[PDB]
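Undergrad: Any chance you could fold what I've pasted below:
(chains A and B)
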Amino acid sequence: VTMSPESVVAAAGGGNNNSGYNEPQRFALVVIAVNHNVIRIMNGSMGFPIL
Amino acid sequence: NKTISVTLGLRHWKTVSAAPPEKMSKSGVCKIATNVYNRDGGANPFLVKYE
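TA: Numbering: from 1, shown residues only, chains lettered A, B, ... in the order given. Here you go:
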């Protein structure tokens, strides 16, 4: 990931009143993935045959 | 006399052996499909004895 000049200049403080970035800003990165799976129902029980 | 409304003899109520015999807290199955992320191979172990 390559960030942006707006982000790198808003990270530092010095913003005037009601500018949002008056205080120094901190950022974090989050990644989510969606995957398939198989569930087996037998003998009154459940489990993942593939794990 | 006057006509009487039919009384639907719906009974059903077969219930269900939902309660296990004692607690039947045992449905044992094991991981089978070599987990996931099968990882690397022999990773060249070799030997280090000074020939």
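Undergrad: excluding its backbone neighbours, what's nearest the closest residue to chain A within chain B?
TA: Closest contact between chain B and chain A, by Cβ to the nearest Cβ, is at residue B:27 (3.9 Å). C-beta here means a position set from N, CA and C on the backbone, and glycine is covered the same way. For residue B:27, ignoring the flanking residues on the chain, the nearest one in space by Cβ to Cβ, 6 or more residues apart in numbering or on different chains is residue A:45 at 3.9 Å.
Undergrad: ok, that neighbour - how many residues close by?
TA: Residue A:45 is flanked by 11 other residues according to other Cβ atoms under 10 Å in any protein chain shown.
Undergrad: Can you show me the helices along chain A?
TA: Remark: helices assigned in chain A by DSSP state H are A:5-11.
Undergrad: Spatially central, which residue of it would that be?
TA: By Cα atoms, centre = their mean, chain A has its centre lying nearest to residue A:30, at 2.1 Å.
Undergrad: so residue A:46 touches residue A:38, yeah?
TA: No - contact between residue A:46 and residue A:38 fails when scored by Cβ atoms under 8 Å: they sit 11.3 Å apart.
Undergrad: Of the two, give the one with the bigger neighbour count.
TA: residue A:46 (11 against 8).
Undergrad: hmm, back to that, what is the three-state secondary structure of the residue of chain B closest to chain A?
TA: coil (DSSP: H, G, I helix; E, B strand; the rest coil).
Undergrad: residues touching it, list them.
TA: Taking Cβ atoms under 8 Å, 6 or more residues apart in numbering or on different chains, we find residue B:27 in contact with A:43, A:44, A:45.
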